[PDB]
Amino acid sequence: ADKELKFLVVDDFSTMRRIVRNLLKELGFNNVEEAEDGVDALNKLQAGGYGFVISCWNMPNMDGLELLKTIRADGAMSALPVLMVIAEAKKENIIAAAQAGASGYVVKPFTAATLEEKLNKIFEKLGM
């Protein structure tokens, strides 16, 4: 897909956001913004222009699942791709995320090759 796509990386840990931003940079995606929680992310998404969201599951104020459910219920961004990042492979959370419309999930820490593969399969399914 277009490497110009604007990404939003959501996580309450700045170091984790830097890691994901670096992995996107390795893959050639330079247009990235950050958010510390689900509410902050929704506020940036309203600004428009985003094409992809990578979000942490566990965050204060509004967690990853609630952010995902809010994006999917929004008329202007209902199909916005959302990749969930989880700390452990808890089946209940993977299924909850899938049922809520996650585009995919990755267990951190993840490699650039894993990110690339997830991005490719996701854009592929969307015809982008």
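In case it trips you up, residue 1 is the first one in the sequence shown, and so on.
Student: Of 70 to 78 and 47 to 55, which one has the bigger average CA B-factor?
Tutor: 70 to 78 has the higher mean C-alpha B-factor.
Student: Tell me which stretch, 116 to 124 or 103 to 111, has the higher mean Cα B-factor listed in the entry.
Tutor: Stretch with the higher mean C-alpha B-factor: 116 to 124.
Student: What's the residue among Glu36, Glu33, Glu26, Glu88 with the greatest CA temperature factor in the PDB record?
Tutor: That would be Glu88, according to the entry.
Student: Ranked by Cα temperature factor within the chain, is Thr15 in the lowest third, the middle third or the highest third?
Tutor: For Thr15, whose C-alpha B-factor we compare with every modelled residue in the chain, the answer is the middle third.
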